[PDB]
Structures are given as structure tokens and as C-alpha cells.
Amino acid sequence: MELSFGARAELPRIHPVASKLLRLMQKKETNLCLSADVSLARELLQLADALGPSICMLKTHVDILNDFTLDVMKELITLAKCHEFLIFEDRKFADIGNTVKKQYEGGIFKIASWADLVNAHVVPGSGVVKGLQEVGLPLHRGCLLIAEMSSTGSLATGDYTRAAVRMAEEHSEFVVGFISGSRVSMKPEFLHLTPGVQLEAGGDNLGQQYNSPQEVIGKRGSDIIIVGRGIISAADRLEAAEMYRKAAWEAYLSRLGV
């Protein structure tokens, strides 16, 4: 009952955003999401171009860009289209519906205009999702709910995690999956994306914890690895990206039996 990415893309209950993603993952043999945590647009675009072929998704923090403009986003979309990857803004919407609606649609970033995917914390209750949903957009858009976090002392456990899953299942018209450390939903239509990934054991000095692709994808049953520093801080970024891609891909293959 474990299905390939390509098969999952065709599930009756699949969201169009999820389908698109799943299809390209299968085509490109990648379940790697690059976390492009950089300070300059030039670097963001360089990464997108060089590593585009190796990734299913590019995760942005547009607020960390010193020189964000929508023109930058236009260029990013072009690369996304070229290389075939989704854009995920790691916005972490985390307030009342009325506020997040505005934060998604409007303001300086105009996130909804370019981000295939965003994420939200579940702490405010389901209003956080409802608010995001109320943004009118004749484009295919999805949301990921933060069900678990990668950091030491995370409170996104137990009943909290269950709450996230329930909220997702109840808003499946928009919510396409999770940020989690493992498989949290038994429903194959939902994507699992996992940050806190490096080839080596460890962490950082500010509460990040790392697990390997084999652990996260293979043992813990997640779908996609999110990797920042493991790539962007590497001596050879393309080489690193390819290692991560191959690691995650093989780990995934291991679940498909035969």
C-alpha cells in the first residue's frame, strides 16, 4: 500500500499543487528541497539556476533578503518553470485569520502572487487556515501545517501534533501536507517535508538538530528533505546537493518494496 511519488500524484483526493510536485519529483528523481537562506537576490538566483535540476522545491525566506523586490520573484518563477521546481515561502503564518489573510495577499512581499506553497503554525487554531483560504487567487496554491519542529525543546508534540493533523484533514482543499520530522498522517495524499537534515549527526549552537536522509525518509517515513547549510555552507554546493538528492531518493525507493 506504499505508492511511488508518481502514483500518489494520481490519487483521487490529491490536491493539484501536490500532484504537480509529486509528478516532478518522480520525473526528476528528486525529493530534495533546497533551503535558500541567503541575504542577496543574486545568490538566491544563482542557487536556483545551478541547483534547480537537483531539487523538487526551493524554500525561501524572502524577509532575509536585503534586496527583495517582486522583480526578483519574477526571475525566480522563470527559473522554477525552467528547471521544474515549486517555490515554498517559509512564512510561518501564526496569528488570527484576519491578520494572516493580509500577510499572505498583500503588503510588501505579495506572497500569494508567487509562492506555490506556504506554511502555518497551528497554535492560533483553525482560523489561521481559514484566513489564508480567504485570499482569492485563481492560481493553484497550497499550505503546509507545522506538525513537528526540528529544534530542541519543541512543543510541537503529542496532542499538538494530532491537532495539526486534524486541522489538515479538515482543510484538505488547501492544506496539502506538513512540516514534520516523520510521517504524521496515514493519508498518502498528504506531503511530509522534513527540515533538520544533514548527512552527519549533530546540530547547531542554537537548538537545531540534524538527522540523516536515510533516517528521515527511510526510517521515519517522510517524503521530502529540507536542507540549508548542508548545501549552502558546503565547499562544493552542487556536489553537496547531488549527495543529498541521491540519499533522499534511495531512502524513498527503499519503502516501495518488491
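For every residue, the number given is its place in the sequence shown, counted from 1. Take the two forms, superpose them, and find the largest set of C-alpha atoms that agree within 1.5 Å; that set is the rigid core.
Relative to the shown model and aligned on the rigid core, the C-alphas in 7 other deposited structures of this protein deviate most, among 52 to 60 and 228 to 236, for 228 to 236. Core-fitted comparison in 7 other deposited structures of this protein shows that, between 137 to 145 and 71 to 79, the CA atoms farther from the shown form belong to 137 to 145.
Note on 56 to 64 vs 194 to 202: mean CA B-factor is higher in 194 to 202. In this entry, the higher average B-factor at the C-alpha atoms falls on 40 to 48, of the pair 221 to 229 and 40 to 48.
Based on the entry's C-alpha B-factors, the most elevated value among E169, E148, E89, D95 belongs to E169. Each of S154, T78, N119, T99 has a CA temperature factor in the record; the biggest one is found at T78. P188: CA B factor lies in the highest third for its chain, per the PDB record. Sort the modelled residues of the chain by CA B factor and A115 lands in the lowest third. Per-chain ranking of the deposited C-alpha B factor places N211 in the middle third. Sort the modelled residues of the chain by CA B factor and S182 lands in the highest third. In this PDB entry, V135 carries a Cα temperature factor that places it within the highest third of its chain's modelled residues.
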